[PDB]
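Participant: entry.cif is reproduced in full below (mmCIF, C-alpha atoms and all ligand atoms; chains and numbers go by the auth columns).
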```
data_target
#
loop_
_atom_site.group_PDB
_atom_site.id
_atom_site.type_symbol
_atom_site.label_atom_id
_atom_site.label_comp_id
_atom_site.label_asym_id
_atom_site.label_seq_id
_atom_site.Cartn_x
_atom_site.Cartn_y
_atom_site.Cartn_z
_atom_site.B_iso_or_equiv
_atom_site.auth_seq_id
_atom_site.auth_asym_id
ATOM 1 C CA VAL A 1 76.466 80.084 119.620 0.00 1 M
ATOM 2 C CA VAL A 2 80.071 79.378 118.664 0.00 2 M
ATOM 3 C CA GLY A 3 82.718 80.502 121.165 0.00 3 M
ATOM 4 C CA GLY A 4 80.171 81.230 123.852 0.00 4 M
ATOM 5 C CA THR A 5 80.155 80.782 127.614 0.00 5 M
ATOM 6 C CA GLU A 6 77.297 79.324 129.670 0.00 6 M
ATOM 7 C CA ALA A 7 74.878 82.073 130.685 0.00 7 M
ATOM 8 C CA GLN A 8 73.950 82.446 134.334 0.00 8 M
ATOM 9 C CA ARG A 9 70.337 81.224 134.877 0.00 9 M
ATOM 10 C CA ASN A 10 68.867 84.682 135.494 0.00 10 M
ATOM 11 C CA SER A 11 70.874 86.888 133.141 0.00 11 M
ATOM 12 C CA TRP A 12 68.563 86.886 130.109 0.00 12 M
ATOM 13 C CA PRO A 13 65.034 86.198 131.354 0.00 13 M
ATOM 14 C CA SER A 14 63.369 87.291 128.105 0.00 14 M
ATOM 15 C CA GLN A 15 65.083 84.538 126.065 0.00 15 M
ATOM 16 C CA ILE A 16 62.672 81.770 125.011 0.00 16 M
ATOM 17 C CA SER A 17 63.117 78.425 123.197 0.00 17 M
ATOM 18 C CA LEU A 18 60.838 77.982 120.158 0.00 18 M
ATOM 19 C CA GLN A 19 60.214 74.278 119.626 0.00 19 M
ATOM 20 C CA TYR A 20 58.279 72.079 117.219 0.00 20 M
ATOM 21 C CA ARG A 21 56.480 68.794 117.737 0.00 21 M
ATOM 22 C CA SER A 22 58.610 65.903 116.479 0.00 22 M
ATOM 23 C CA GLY A 23 57.129 62.420 116.890 0.00 23 M
ATOM 24 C CA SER A 24 56.267 62.136 120.594 0.00 24 M
ATOM 25 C CA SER A 25 58.778 64.780 121.653 0.00 25 M
ATOM 26 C CA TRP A 26 59.556 68.452 121.122 0.00 26 M
ATOM 27 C CA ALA A 27 62.672 69.759 119.367 0.00 27 M
ATOM 28 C CA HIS A 28 64.284 73.167 119.801 0.00 28 M
ATOM 29 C CA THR A 29 64.477 75.050 116.504 0.00 29 M
ATOM 30 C CA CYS A 30 64.960 78.768 117.249 0.00 30 M
ATOM 31 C CA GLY A 31 65.159 81.411 119.939 0.00 31 M
ATOM 32 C CA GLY A 32 62.784 84.301 120.565 0.00 32 M
ATOM 33 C CA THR A 33 62.261 87.239 122.926 0.00 33 M
ATOM 34 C CA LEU A 34 59.260 87.458 125.263 0.00 34 M
ATOM 35 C CA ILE A 35 57.893 90.999 124.667 0.00 35 M
ATOM 36 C CA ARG A 36 54.443 90.725 126.319 0.00 36 M
ATOM 37 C CA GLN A 37 53.119 88.076 128.725 0.00 37 M
ATOM 38 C CA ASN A 38 51.348 86.566 125.686 0.00 38 M
ATOM 39 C CA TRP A 39 53.615 87.659 122.802 0.00 39 M
ATOM 40 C CA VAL A 40 57.010 86.521 121.523 0.00 40 M
ATOM 41 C CA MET A 41 59.226 88.190 118.928 0.00 41 M
ATOM 42 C CA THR A 42 61.180 85.805 116.670 0.00 42 M
ATOM 43 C CA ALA A 43 62.493 85.525 113.082 0.00 43 M
ATOM 44 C CA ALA A 44 60.018 85.003 110.238 0.00 44 M
ATOM 45 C CA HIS A 45 62.211 82.266 108.741 0.00 45 M
ATOM 46 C CA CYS A 46 61.821 80.227 111.938 0.00 46 M
ATOM 47 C CA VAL A 47 58.109 79.818 111.283 0.00 47 M
ATOM 48 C CA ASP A 48 58.240 79.150 107.548 0.00 48 M
ATOM 49 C CA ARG A 49 57.506 75.445 108.041 0.00 49 M
ATOM 50 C CA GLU A 50 53.940 74.314 108.664 0.00 50 M
ATOM 51 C CA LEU A 51 54.804 72.800 112.057 0.00 51 M
ATOM 52 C CA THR A 52 53.184 72.709 115.476 0.00 52 M
ATOM 53 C CA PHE A 53 55.075 75.146 117.695 0.00 53 M
ATOM 54 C CA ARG A 54 55.383 75.746 121.413 0.00 54 M
ATOM 55 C CA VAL A 55 57.339 78.297 123.427 0.00 55 M
ATOM 56 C CA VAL A 56 59.302 77.554 126.594 0.00 56 M
ATOM 57 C CA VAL A 57 59.998 80.442 128.959 0.00 57 M
ATOM 58 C CA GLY A 58 62.239 80.052 132.038 0.00 58 M
ATOM 59 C CA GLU A 59 64.314 77.540 130.080 0.00 59 M
ATOM 60 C CA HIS A 60 68.019 77.029 130.823 0.00 60 M
ATOM 61 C CA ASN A 61 68.935 73.455 129.900 0.00 61 M
ATOM 62 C CA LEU A 62 66.956 71.971 126.954 0.00 62 M
ATOM 63 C CA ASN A 63 67.493 68.413 128.191 0.00 63 M
ATOM 64 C CA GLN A 64 67.145 68.595 132.000 0.00 64 M
ATOM 65 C CA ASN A 65 64.422 69.844 134.388 0.00 65 M
ATOM 66 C CA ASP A 66 65.375 73.358 135.540 0.00 66 M
ATOM 67 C CA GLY A 67 62.380 73.674 137.876 0.00 67 M
ATOM 68 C CA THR A 68 61.545 77.069 136.348 0.00 68 M
ATOM 69 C CA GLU A 69 60.044 76.307 132.928 0.00 69 M
ATOM 70 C CA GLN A 70 56.599 77.248 131.619 0.00 70 M
ATOM 71 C CA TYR A 71 55.458 75.528 128.384 0.00 71 M
ATOM 72 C CA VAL A 72 52.878 77.349 126.226 0.00 72 M
ATOM 73 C CA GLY A 73 51.371 76.652 122.794 0.00 73 M
ATOM 74 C CA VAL A 74 51.514 79.171 119.920 0.00 74 M
ATOM 75 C CA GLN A 75 47.997 80.359 119.093 0.00 75 M
ATOM 76 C CA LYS A 76 48.677 82.803 116.267 0.00 76 M
ATOM 77 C CA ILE A 77 51.621 83.593 114.004 0.00 77 M
ATOM 78 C CA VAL A 78 51.973 87.031 112.407 0.00 78 M
ATOM 79 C CA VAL A 79 54.894 87.237 109.978 0.00 79 M
ATOM 80 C CA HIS A 80 55.982 90.616 108.592 0.00 80 M
ATOM 81 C CA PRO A 81 53.971 91.023 105.390 0.00 81 M
ATOM 82 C CA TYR A 82 57.032 91.863 103.249 0.00 82 M
ATOM 83 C CA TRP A 83 58.978 88.734 104.316 0.00 83 M
ATOM 84 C CA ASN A 84 60.042 86.512 101.400 0.00 84 M
ATOM 85 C CA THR A 85 61.469 83.100 102.327 0.00 85 M
ATOM 86 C CA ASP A 86 63.717 82.854 99.251 0.00 86 M
ATOM 87 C CA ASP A 87 65.256 86.267 99.948 0.00 87 M
ATOM 88 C CA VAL A 88 66.541 86.550 103.543 0.00 88 M
ATOM 89 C CA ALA A 89 68.878 89.320 102.338 0.00 89 M
ATOM 90 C CA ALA A 90 65.884 91.559 101.561 0.00 90 M
ATOM 91 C CA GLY A 91 65.169 91.819 105.299 0.00 91 M
ATOM 92 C CA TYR A 92 61.806 91.726 107.080 0.00 92 M
ATOM 93 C CA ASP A 93 62.963 88.624 108.999 0.00 93 M
ATOM 94 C CA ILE A 94 60.640 89.069 111.954 0.00 94 M
ATOM 95 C CA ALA A 95 57.427 87.540 113.253 0.00 95 M
ATOM 96 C CA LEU A 96 55.250 87.822 116.313 0.00 96 M
ATOM 97 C CA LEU A 97 53.770 84.813 118.075 0.00 97 M
ATOM 98 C CA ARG A 98 50.648 85.186 120.239 0.00 98 M
ATOM 99 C CA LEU A 99 50.772 82.573 123.053 0.00 99 M
ATOM 100 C CA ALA A 100 47.743 80.491 124.029 0.00 100 M
ATOM 101 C CA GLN A 101 48.185 81.488 127.683 0.00 101 M
ATOM 102 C CA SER A 102 49.812 84.459 129.388 0.00 102 M
ATOM 103 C CA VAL A 103 52.986 83.388 131.177 0.00 103 M
ATOM 104 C CA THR A 104 53.846 84.316 134.749 0.00 104 M
ATOM 105 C CA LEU A 105 56.767 86.678 135.334 0.00 105 M
ATOM 106 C CA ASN A 106 59.577 86.065 137.844 0.00 106 M
ATOM 107 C CA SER A 107 63.399 86.237 137.934 0.00 107 M
ATOM 108 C CA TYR A 108 63.597 83.672 135.089 0.00 108 M
ATOM 109 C CA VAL A 109 60.741 85.083 132.966 0.00 109 M
ATOM 110 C CA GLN A 110 60.636 88.801 132.110 0.00 110 M
ATOM 111 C CA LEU A 111 59.731 90.975 129.148 0.00 111 M
ATOM 112 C CA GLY A 112 62.596 92.044 126.883 0.00 112 M
ATOM 113 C CA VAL A 113 63.155 95.817 126.698 0.00 113 M
ATOM 114 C CA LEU A 114 63.104 97.132 123.120 0.00 114 M
ATOM 115 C CA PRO A 115 64.998 100.192 121.919 0.00 115 M
ATOM 116 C CA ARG A 116 63.328 103.407 120.932 0.00 116 M
ATOM 117 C CA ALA A 117 62.330 103.583 117.276 0.00 117 M
ATOM 118 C CA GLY A 118 65.135 104.586 114.912 0.00 118 M
ATOM 119 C CA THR A 119 67.988 103.933 117.359 0.00 119 M
ATOM 120 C CA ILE A 120 71.259 103.019 115.620 0.00 120 M
ATOM 121 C CA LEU A 121 74.221 101.835 117.686 0.00 121 M
ATOM 122 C CA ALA A 122 77.666 103.339 117.253 0.00 122 M
ATOM 123 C CA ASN A 123 80.226 101.028 115.658 0.00 123 M
ATOM 124 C CA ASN A 124 81.718 98.510 118.127 0.00 124 M
ATOM 125 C CA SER A 125 78.906 98.803 120.706 0.00 125 M
ATOM 126 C CA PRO A 126 78.918 96.118 123.425 0.00 126 M
ATOM 127 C CA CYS A 127 76.363 93.367 122.855 0.00 127 M
ATOM 128 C CA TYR A 128 75.765 89.712 123.690 0.00 128 M
ATOM 129 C CA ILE A 129 74.097 87.099 121.506 0.00 129 M
ATOM 130 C CA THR A 130 72.286 84.354 123.444 0.00 130 M
ATOM 131 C CA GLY A 131 70.944 80.976 122.404 0.00 131 M
ATOM 132 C CA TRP A 132 71.032 77.195 122.250 0.00 132 M
ATOM 133 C CA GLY A 133 72.237 77.055 118.626 0.00 133 M
ATOM 134 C CA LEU A 134 75.133 75.001 117.283 0.00 134 M
ATOM 135 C CA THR A 135 78.365 75.362 119.233 0.00 135 M
ATOM 136 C CA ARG A 136 80.425 74.774 116.087 0.00 136 M
ATOM 137 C CA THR A 137 79.766 75.085 112.339 0.00 137 M
ATOM 138 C CA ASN A 138 78.015 71.826 111.386 0.00 138 M
ATOM 139 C CA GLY A 139 78.033 70.870 115.094 0.00 139 M
ATOM 140 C CA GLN A 140 75.238 70.299 117.584 0.00 140 M
ATOM 141 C CA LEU A 141 72.900 72.379 119.701 0.00 141 M
ATOM 142 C CA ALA A 142 74.035 73.481 123.127 0.00 142 M
ATOM 143 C CA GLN A 143 72.340 71.895 126.145 0.00 143 M
ATOM 144 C CA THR A 144 72.687 75.009 128.312 0.00 144 M
ATOM 145 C CA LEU A 145 71.927 78.574 127.202 0.00 145 M
ATOM 146 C CA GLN A 146 75.068 80.187 125.801 0.00 146 M
ATOM 147 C CA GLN A 147 76.144 83.796 125.455 0.00 147 M
ATOM 148 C CA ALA A 148 78.918 85.359 123.342 0.00 148 M
ATOM 149 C CA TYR A 149 80.234 88.935 123.309 0.00 149 M
ATOM 150 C CA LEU A 150 79.687 90.319 119.805 0.00 150 M
ATOM 151 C CA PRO A 151 80.387 94.037 119.289 0.00 151 M
ATOM 152 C CA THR A 152 78.387 95.753 116.570 0.00 152 M
ATOM 153 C CA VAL A 153 79.805 96.378 113.112 0.00 153 M
ATOM 154 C CA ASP A 154 78.122 99.490 111.672 0.00 154 M
ATOM 155 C CA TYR A 155 76.311 99.623 108.332 0.00 155 M
ATOM 156 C CA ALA A 156 79.180 101.332 106.497 0.00 156 M
ATOM 157 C CA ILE A 157 81.694 98.638 107.452 0.00 157 M
ATOM 158 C CA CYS A 158 79.223 95.748 107.335 0.00 158 M
ATOM 159 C CA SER A 159 78.055 96.556 103.798 0.00 159 M
ATOM 160 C CA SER A 160 81.627 97.029 102.522 0.00 160 M
ATOM 161 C CA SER A 161 82.938 94.491 99.973 0.00 161 M
ATOM 162 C CA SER A 162 85.116 92.349 102.271 0.00 162 M
ATOM 163 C CA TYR A 163 82.246 92.050 104.765 0.00 163 M
ATOM 164 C CA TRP A 164 78.675 91.429 103.551 0.00 164 M
ATOM 165 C CA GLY A 165 78.454 93.881 100.651 0.00 165 M
ATOM 166 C CA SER A 166 74.923 94.469 99.319 0.00 166 M
ATOM 167 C CA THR A 167 73.566 91.508 101.290 0.00 167 M
ATOM 168 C CA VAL A 168 73.259 93.653 104.422 0.00 168 M
ATOM 169 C CA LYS A 169 70.594 96.358 104.604 0.00 169 M
ATOM 170 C CA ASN A 170 70.176 99.336 106.967 0.00 170 M
ATOM 171 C CA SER A 171 67.209 97.451 108.490 0.00 171 M
ATOM 172 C CA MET A 172 69.721 94.992 109.958 0.00 172 M
ATOM 173 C CA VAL A 173 72.331 95.012 112.711 0.00 173 M
ATOM 174 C CA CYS A 174 75.662 93.220 112.207 0.00 174 M
ATOM 175 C CA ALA A 175 77.676 92.024 115.215 0.00 175 M
ATOM 176 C CA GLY A 176 80.884 90.063 115.720 0.00 176 M
ATOM 177 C CA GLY A 177 82.846 88.792 112.716 0.00 177 M
ATOM 178 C CA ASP A 178 86.050 87.931 114.660 0.00 178 M
ATOM 179 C CA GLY A 179 86.214 84.368 113.327 0.00 179 M
ATOM 180 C CA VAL A 180 85.914 82.827 116.816 0.00 180 M
ATOM 181 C CA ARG A 181 82.483 83.708 118.131 0.00 181 M
ATOM 182 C CA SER A 182 79.159 83.979 116.416 0.00 182 M
ATOM 183 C CA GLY A 183 75.555 82.910 116.216 0.00 183 M
ATOM 184 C CA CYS A 184 74.915 79.545 114.536 0.00 184 M
ATOM 185 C CA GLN A 185 71.943 77.452 113.411 0.00 185 M
ATOM 186 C CA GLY A 186 69.340 77.224 116.160 0.00 186 M
ATOM 187 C CA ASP A 187 70.119 80.737 117.429 0.00 187 M
ATOM 188 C CA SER A 188 67.871 82.333 114.799 0.00 188 M
ATOM 189 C CA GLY A 189 64.976 84.368 116.158 0.00 189 M
ATOM 190 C CA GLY A 190 66.708 85.012 119.468 0.00 190 M
ATOM 191 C CA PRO A 191 67.955 88.297 120.877 0.00 191 M
ATOM 192 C CA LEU A 192 71.030 90.437 120.466 0.00 192 M
ATOM 193 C CA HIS A 193 71.201 92.288 123.838 0.00 193 M
ATOM 194 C CA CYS A 194 73.093 95.604 123.804 0.00 194 M
ATOM 195 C CA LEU A 195 73.996 97.721 126.829 0.00 195 M
ATOM 196 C CA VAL A 196 72.845 101.327 126.315 0.00 196 M
ATOM 197 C CA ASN A 197 72.605 103.960 129.096 0.00 197 M
ATOM 198 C CA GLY A 198 73.198 101.276 131.702 0.00 198 M
ATOM 199 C CA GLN A 199 70.363 98.992 130.589 0.00 199 M
ATOM 200 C CA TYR A 200 70.413 96.035 128.204 0.00 200 M
ATOM 201 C CA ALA A 201 67.877 96.225 125.369 0.00 201 M
ATOM 202 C CA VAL A 202 67.117 93.746 122.583 0.00 202 M
ATOM 203 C CA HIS A 203 68.445 95.467 119.474 0.00 203 M
ATOM 204 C CA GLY A 204 68.501 92.454 117.165 0.00 204 M
ATOM 205 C CA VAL A 205 66.575 89.322 116.144 0.00 205 M
ATOM 206 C CA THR A 206 69.114 86.717 114.901 0.00 206 M
ATOM 207 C CA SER A 207 68.629 86.196 111.163 0.00 207 M
ATOM 208 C CA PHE A 208 71.592 84.696 109.302 0.00 208 M
ATOM 209 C CA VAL A 209 75.250 83.783 109.033 0.00 209 M
ATOM 210 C CA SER A 210 77.485 82.985 106.058 0.00 210 M
ATOM 211 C CA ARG A 211 76.782 79.896 103.979 0.00 211 M
ATOM 212 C CA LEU A 212 80.498 79.119 104.443 0.00 212 M
ATOM 213 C CA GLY A 213 80.152 78.747 108.233 0.00 213 M
ATOM 214 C CA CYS A 214 79.041 80.389 111.473 0.00 214 M
ATOM 215 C CA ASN A 215 82.267 81.910 112.805 0.00 215 M
ATOM 216 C CA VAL A 216 83.812 83.351 109.627 0.00 216 M
ATOM 217 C CA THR A 217 86.114 86.377 109.853 0.00 217 M
ATOM 218 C CA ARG A 218 84.476 89.449 108.305 0.00 218 M
ATOM 219 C CA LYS A 219 81.071 87.730 108.154 0.00 219 M
ATOM 220 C CA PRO A 220 79.501 89.007 111.385 0.00 220 M
ATOM 221 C CA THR A 221 76.218 87.513 112.520 0.00 221 M
ATOM 222 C CA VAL A 222 73.340 89.445 110.962 0.00 222 M
ATOM 223 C CA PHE A 223 70.219 90.402 112.860 0.00 223 M
ATOM 224 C CA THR A 224 66.921 92.144 112.057 0.00 224 M
ATOM 225 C CA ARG A 225 67.178 95.657 113.539 0.00 225 M
ATOM 226 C CA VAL A 226 64.403 95.771 116.149 0.00 226 M
ATOM 227 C CA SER A 227 64.341 99.583 116.231 0.00 227 M
ATOM 228 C CA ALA A 228 63.230 99.658 112.571 0.00 228 M
ATOM 229 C CA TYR A 229 60.072 97.684 113.473 0.00 229 M
ATOM 230 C CA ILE A 230 58.669 99.334 116.602 0.00 230 M
ATOM 231 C CA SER A 231 55.564 100.692 114.857 0.00 231 M
ATOM 232 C CA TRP A 232 54.943 97.364 113.114 0.00 232 M
ATOM 233 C CA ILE A 233 55.256 95.495 116.429 0.00 233 M
ATOM 234 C CA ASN A 234 52.881 97.905 118.225 0.00 234 M
ATOM 235 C CA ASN A 235 50.391 97.746 115.349 0.00 235 M
ATOM 236 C CA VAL A 236 50.266 93.926 115.408 0.00 236 M
ATOM 237 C CA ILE A 237 49.839 93.659 119.185 0.00 237 M
ATOM 238 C CA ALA A 238 47.119 96.330 119.189 0.00 238 M
ATOM 239 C CA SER A 239 45.045 94.608 116.460 0.00 239 M
ATOM 240 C CA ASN A 240 45.441 91.049 117.800 0.00 240 M
HETATM 241 CL CL CL B . 66.185 89.615 129.211 0.00 301 M
HETATM 242 NA NA NA B . 64.947 72.581 131.087 0.00 302 M
HETATM 243 XE XE XE B . 71.998 81.826 112.384 0.00 303 M
#
```
Spit out the file's structure as structure tokens when you get a sec.
Ligand SMILES: [Cl-]
Ligand code: NA
Ligand SMILES: [Xe]
Facilitator:
Amino acid sequence: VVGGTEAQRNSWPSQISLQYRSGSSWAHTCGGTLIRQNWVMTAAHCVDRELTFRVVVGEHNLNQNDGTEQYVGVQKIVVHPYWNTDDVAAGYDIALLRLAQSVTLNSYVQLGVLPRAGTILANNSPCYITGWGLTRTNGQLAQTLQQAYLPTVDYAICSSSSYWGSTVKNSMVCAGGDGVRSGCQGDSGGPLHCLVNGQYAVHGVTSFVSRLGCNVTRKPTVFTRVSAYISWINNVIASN
């Protein structure tokens, strides 16, 4: 997250860190949203590589003991069947991870609330991106979870020529684009939390930013629109 602020420890209890085994250690690679005690929602592109993955819930600082973490292996990966790794712009950037164990809920570990199917936010709706991604274009991961206020940019504006043009689809949510704050590498897969009817819900799964940089004016961060995939999500969890 570029231009973020440190999140309070118990603000976003559904945020997880998706990590891969690297030598004798574990490296953060993407975010995710806990949606069941044994299921996480993340981006399909995060699990393209044939790596060994684990999920950390109740995580605040990647590099220090928070005293609240639970570490759990990934038992099964279900990517959306229409996902194509060489075409992120086609959409379908979503995957569900079944955990080896069911995590315990508390003030640091909760399920993320998903929007009702078909919900589209009005232009400029209040949302926060959260994650441990790069704090600057070509920078380094954050140590502590960051948040940045990124208002939505509706489909009509987002798909206009000076924004993303044809690259953005109606199955995506755009947010931000002010040139100061944005998602960045390492934030992929995580949530876009939007306040609707007094409750935050996870409306987006972080998918991509411009190849020119993270915080680029008129290139808002692009997310998979969660409300387009409610039936798919329910179908996977029910058959697995
Ligand atoms: Cl949450
Ligand atoms: Na930690
Ligand atoms: Xe990203």
Participant: Contacts between region 193-208 of chain M and region 115-157 of chain M, please, where a residue of region 115-157 of chain M counts if it comes within 7 Å (with only C-alpha atoms); show its shortest atom pair and distance in Å to one decimal, rows by chain and ascending number, as a tab-separated table.
Facilitator:
```
residue	atom	partner	partner_atom	distance
M:115	CA	M:201	CA	6.0
M:126	CA	M:194	CA	5.9
M:127	CA	M:194	CA	4.1
M:128	CA	M:193	CA	5.2
M:129	CA	M:193	CA	6.4
```
Participant: To verify the selection step, state as a PyMOL selection string which residues the PyMOL selection byres (((not hetatm)) within 6 of (chain M and resi 302)) yields on this input.
Facilitator: chain M and resi 59-66
Participant: Counting only C-alpha atoms, write as a list in words all protein and nucleic acid residues lying at most 8 Å from (56.7, 80.8, 115.5) in the file's frame.
Facilitator: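 Residues with an atom close enough to that point: residues 18, 42, 43, 44, 46, 47, 53, 54, 74, 77, 95, 96 and 97 of chain M.
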Participant: Can you list, as a list in words, every protein, DNA or RNA residue that comes within 10 Å of residue 108 (chain M) when you count all atoms listed in the file, leaving out same-chain residues fewer than 2 positions away?
Facilitator: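 What passes the distance filter is residues 9, 10, 11, 12, 13, 14, 15, 57, 58, 59, 60, 68, 69, 104, 105, 106 and 110 of chain M.
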Participant: Fewer than 5 positions away in the same chain doesn't count, so skip those; otherwise give me all residues within 10 Å of residue 240 (chain M), counting all atoms listed in the file, as a list in words.
Facilitator: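 After dropping sequence-adjacent residues, the list is residues 76, 78, 98 and 235 of chain M.
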Participant: Which of these residues is nearest to residue 29 (chain M), using all atoms listed in the file: M:111, M:99, M:121, M:141?
Facilitator: M:141
Participant: Please compute the CA of residue 163 (chain M)-CA of residue 33 (chain M) distance, one decimal, in Å.
Facilitator: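 According to the coordinates, CA of residue 163 (chain M) and CA of residue 33 (chain M) are separated by 27.4 Å.
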Participant: For ligand CL 301 (chain M), which residue among M:191, M:24, M:84, M:166 is the nearest when counting only C-alpha atoms and all ligand atoms?
Facilitator: M:191
Participant: Got a sec to resolve the PyMOL selection byres (((chain M and resi 151) around 10) and not hetatm) on this structure and send the residues as a PyMOL selection string?
Facilitator: chain M and resi 122-129+148-150+152-154+174-178+194+220
Participant: Using all atoms listed in the file, which residues of the polymer chains come no farther than 7 Å from ligand XE 303 (chain M)? I'd like the answer as a PyMOL selection string.
Facilitator: chain M and resi 183-188+206-209
Participant: Identify which of the residues M:35, M:225, M:101, M:6 lies closest to ligand CL 301 (chain M), counting all atoms listed in the file when measuring atom-to-atom distances.
Facilitator: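 Selected residue with least distance to ligand CL 301 (chain M): M:35.
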Participant: For CA of residue 89 (chain M) and CA of residue 168 (chain M), determine how far apart the two atoms are, in Å to one decimal place.
Facilitator: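 Computed distance, CA of residue 89 (chain M) to CA of residue 168 (chain M), equals 6.5 Å.
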Participant: Under the rule that only C-alpha atoms and all ligand atoms are counted, which of M:107, M:19, M:227, M:102 is the nearest residue to ligand CL 301 (chain M)?
Facilitator: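 Closest to ligand CL 301 (chain M) of all the choices is M:107.
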Participant: Could you check which of M:3, M:112, M:67, M:81 is closest to ligand CL 301 (chain M), using all atoms listed in the file?
Facilitator: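 Among M:3, M:112, M:67, M:81, it is M:112 that comes nearest to ligand CL 301 (chain M).
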Participant: Looking at M:51, M:192, M:236, M:94, which one is nearest to ligand CL 301 (chain M), with distances taken over all atoms listed in the file?
Facilitator: M:192
Participant: Residues within 6 Å of residue 215 (chain M), please, as a list in words. Count all atoms listed in the file; anything in the same chain fewer than 2 positions from it doesn't count.
Facilitator: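 Result of the neighbour search: residues 179, 180, 181, 182 and 213 of chain M.
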Participant: Give me region 215-229 of chain M with N, CA and C atoms filled in, as an mmCIF file, keeping the file's coordinate frame.
Facilitator:
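So result.cif came out as:
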```cif
data_model
loop_
_atom_site.group_PDB
_atom_site.id
_atom_site.type_symbol
_atom_site.label_atom_id
_atom_site.label_comp_id
_atom_site.auth_asym_id
_atom_site.auth_seq_id
_atom_site.Cartn_x
_atom_site.Cartn_y
_atom_site.Cartn_z
ATOM 1 N N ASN M 215 81.201 81.016 112.376
ATOM 2 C CA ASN M 215 82.267 81.910 112.805
ATOM 3 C C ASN M 215 83.280 82.129 111.685
ATOM 4 N N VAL M 216 82.953 83.041 110.779
ATOM 5 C CA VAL M 216 83.812 83.351 109.627
ATOM 6 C C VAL M 216 84.268 84.790 109.765
ATOM 7 N N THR M 217 85.585 85.022 109.695
ATOM 8 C CA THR M 217 86.114 86.377 109.853
ATOM 9 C C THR M 217 85.562 87.278 108.764
ATOM 10 N N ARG M 218 85.082 88.450 109.166
ATOM 11 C CA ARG M 218 84.476 89.449 108.305
ATOM 12 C C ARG M 218 83.117 89.062 107.766
ATOM 13 N N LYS M 219 82.472 88.076 108.421
ATOM 14 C CA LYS M 219 81.071 87.730 108.154
ATOM 15 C C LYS M 219 80.367 87.708 109.511
ATOM 16 N N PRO M 220 80.149 88.893 110.085
ATOM 17 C CA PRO M 220 79.501 89.007 111.385
ATOM 18 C C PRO M 220 78.105 88.406 111.313
ATOM 19 N N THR M 221 77.594 88.019 112.490
ATOM 20 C CA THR M 221 76.218 87.513 112.520
ATOM 21 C C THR M 221 75.298 88.687 112.181
ATOM 22 N N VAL M 222 74.271 88.393 111.401
ATOM 23 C CA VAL M 222 73.340 89.445 110.962
ATOM 24 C C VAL M 222 71.996 89.211 111.634
ATOM 25 N N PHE M 223 71.453 90.335 112.134
ATOM 26 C CA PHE M 223 70.219 90.402 112.860
ATOM 27 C C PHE M 223 69.216 91.392 112.284
ATOM 28 N N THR M 224 67.924 91.126 112.420
ATOM 29 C CA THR M 224 66.921 92.144 112.057
ATOM 30 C C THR M 224 67.016 93.278 113.078
ATOM 31 N N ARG M 225 67.053 94.531 112.606
ATOM 32 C CA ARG M 225 67.178 95.657 113.539
ATOM 33 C C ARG M 225 65.832 95.969 114.165
ATOM 34 N N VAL M 226 65.656 95.616 115.439
ATOM 35 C CA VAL M 226 64.403 95.771 116.149
ATOM 36 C C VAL M 226 63.873 97.195 116.094
ATOM 37 N N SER M 227 64.776 98.183 116.202
ATOM 38 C CA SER M 227 64.341 99.583 116.231
ATOM 39 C C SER M 227 63.751 100.074 114.920
ATOM 40 N N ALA M 228 63.858 99.327 113.838
ATOM 41 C CA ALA M 228 63.230 99.658 112.571
ATOM 42 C C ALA M 228 61.793 99.174 112.537
ATOM 43 N N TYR M 229 61.384 98.319 113.481
ATOM 44 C CA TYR M 229 60.072 97.684 113.473
ATOM 45 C C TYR M 229 59.159 97.994 114.629
#
```
